[PDB]
Each structure stands twice: as C-alpha cells, then as structure tokens.
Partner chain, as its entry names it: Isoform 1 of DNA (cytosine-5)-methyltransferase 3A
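Given next, in structure tokens, is a single chain: the form deposited without its partner chain.
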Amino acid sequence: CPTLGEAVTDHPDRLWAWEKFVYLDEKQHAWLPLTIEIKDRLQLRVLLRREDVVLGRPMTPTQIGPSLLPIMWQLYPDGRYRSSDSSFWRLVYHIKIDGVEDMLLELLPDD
C-alpha cells in the first residue's frame, strides 16, 4: 500500500538538453528535471523523472539560455556523468516506483 519501488540498473548513457527543462537520452526517452536542491550553497542535486511528453524540434544552446543545468550529460566508464560544463556528477540513485522512474544526480567537486 505504501511506496514500493525497486532499483534500476540500466542508466542512460547520454542526456541531451532538448529544451530548457527537458532532456532526451539515446532511446529517445524524455527526462524532466523537477527539482534542484542546493546543499551548502555549493552542491547541486537534480531530480529527473521520465515522462512521455510531446516534443517537436530541439532548441539550440542559445535559445535555451543561462542555466544551472548542463547542455549535456555523458556516462563515463566509472559510472559518473560528465557535464558539458566539464563538471562531474554522481548518480545518487535510479529507481522505479509504481512505474515512475526517477534518477537523482548530485554534483561533485573534482576534475
């Protein structure tokens, strides 16, 4: 009756910013950043949720404009994602709850 979910082991290998607040992976799956949490005024934690949305033409980095989120995320061999801003993000979790698939990425201060 309460929230009963499970871990997902297949993470997208690439996320492209399609719009300001919509990303698409290699399977043409849309991920929506719903929440951005700021820890110690430095660390960012963004929650992305899978959703079937109606999309047309992708936007350019210019039309998208200034943001806290990268134009693209790329999965590295060590399991972390590299942002197009050259930063590295840790995958805190990737789960599925009653169909709802959520992924939580947290920014790291390395190289």
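Positions refer to the first chain, counted from 1.
As for the form solved in complex with its partner chain, it is not shown, yet the points below apply to it.
A.B. asks: Please check if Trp16 has a heavy atom lying within 4.5 Å of any heavy atom of its partner chain in the deposited bound form.
C.D. replies: Judged by the heavy-atom cut-off of 4.5 Å, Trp16 is in contact with its partner chain in the deposited bound form.
A.B. asks: Is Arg82 close to its partner chain in the deposited bound form, meaning a heavy atom pair under 4.5 Å apart or at it?
C.D. replies: Within the cut-off, so yes.
A.B. asks: Does anything in 23-40 come within 4.5 Å of its partner chain in the deposited bound form by heavy atoms, and if so which residues, in order?
C.D. replies: Stretch hits: a single one, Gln28.
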